[PDB]
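All remarks here apply to the structure that follows.
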Number of protein chains: 2
Amino acid sequence: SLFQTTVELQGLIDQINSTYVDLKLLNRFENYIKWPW
Amino acid sequence: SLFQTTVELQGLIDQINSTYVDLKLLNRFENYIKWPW
Ligand SMILES: *[C@@H]1O[C@H](CO)[C@@H](O[C@@H]2O[C@H](CO)[C@@H](O[C@@H]3O[C@H](CO[C@H]4O[C@H](CO[C@H]5O[C@H](CO)[C@@H](O)[C@H](O)[C@@H]5O)[C@@H](O[C@H]5O[C@H](CO)[C@@H](O)[C@H](O)[C@@H]5O)[C@H](O)[C@@H]4O)[C@@H](O[C@H]4O[C@H](CO)[C@@H](O)[C@H](O)[C@@H]4O)[C@H](O)[C@@H]3O)[C@H](O)[C@H]2NC(C)=O)[C@H](O)[C@H]1NC(C)=O
Ligand SMILES: *[C@@H]1O[C@H](CO)[C@@H](O[C@@H]2O[C@H](CO)[C@@H](O[C@@H]3O[C@H](CO[C@H]4O[C@H](CO[C@H]5O[C@H](CO)[C@@H](O)[C@H](O)[C@@H]5O)[C@@H](O[C@H]5O[C@H](CO)[C@@H](O)[C@H](O)[C@@H]5O)[C@H](O)[C@@H]4O)[C@@H](O[C@H]4O[C@H](CO)[C@@H](O)[C@H](O)[C@@H]4O)[C@H](O)[C@@H]3O)[C@H](O)[C@H]2NC(C)=O)[C@H](O)[C@H]1NC(C)=O
């Protein structure tokens, strides 16, 4: 039971890590390029 | 073991929740200020 819980938690951590990386990358990309495009 | 798992989960939640606050602050700031520079 503890192993299954930890595996699910690790999958969730990986997903959240990837999604925050993507969101921060999108924010930096929108800051990098000019506005009126 | 359960205390360690709960501590890891709480540490994850704190980072998630602070990241959500940080993202929403930037979103609100960008909503307040008009797009043109
Ligand atoms: C979940 O999200 C997390 C984001 O919050 C993410 O963690 C971060 O991921 C980044 C990549 O996506 C990591 O960036 C890497 O940085 C490498 C450079 O590391 C050098 O510095 C280390 C220590 O520096 C720290 O402290 C200084 C201040 O002194 C600070 O400015 C830095 O930002 C760091 O915080 C060195 O580690 C050594 O020292 C520590 C103790 O401080 C020891 O514990 C270590 O064992 C070790 O002895 C390290 O050796 C490096 O010198 C990038 O490496 C580039 O540069 C080196 C030369 O420095 C080249 O040789 C490489 O080829 C490469 O070009 C690397 O590419 C990457 O950019 C970031 O470090 C992560 N942060 C933490 C805290 O871990 C998680 O990864 C993510 N989860 C998953 C699963 O992905
Ligand atoms: C870190 O993350 C945190 C969670 O992600 C976050 O906290 C969240 O903040 C939100 C607001 O920013 C909160 O949403 C509000 O919810 C109000 C409703 O609250 C009522 O229920 C409370 C109890 O909730 C429990 O039960 C529900 C199911 O009903 C469950 O979903 C919850 O998870 C809880 O288990 C009541 O609190 C009472 O009981 C607790 C103990 O359980 C006591 O400690 C309290 O002191 C209190 O006695 C509360 O009183 C409410 O009854 C929304 O209120 C609407 O509805 C009420 C009627 O119910 C109206 O009167 C209001 O006018 C309004 O219309 C409110 O609008 C908002 O949506 C969210 O609940 C928080 N989550 C948690 C877990 O607390 C943190 O903000 C975040 N950190 C930072 C820095 O942001």
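Can you list the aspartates and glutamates whose alpha carbon is less than 18 Å from that of B:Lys34, not counting same-chain residues fewer than 8 positions off? Candidates past the 8-residue exclusion: A:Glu30.
Measuring from centroid to centroid over Cα atoms, what is the spacing of chain A and chain B in Å? Here the answer is 12 Å between Cα centres. Each label was represented as a point 7 Å from its Cα along the Cα-to-Cβ direction; for A:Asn27 and B:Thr19 these points are 1.1 nm apart. In the protein assembly as shown, a dipole from Cβ-located charges (positive for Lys and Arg, negative for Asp and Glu) runs towards its positive end, and of B:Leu25, A:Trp37, A:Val7 it is A:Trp37 whose Cα lies farthest in that direction.
Don't worry about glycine lacking a Cβ; one is built from the backbone with ideal geometry, like all the others, and counts go over all protein chains shown. Since every read-out is calculated from the coordinates, none of them should be taken as a lab result.
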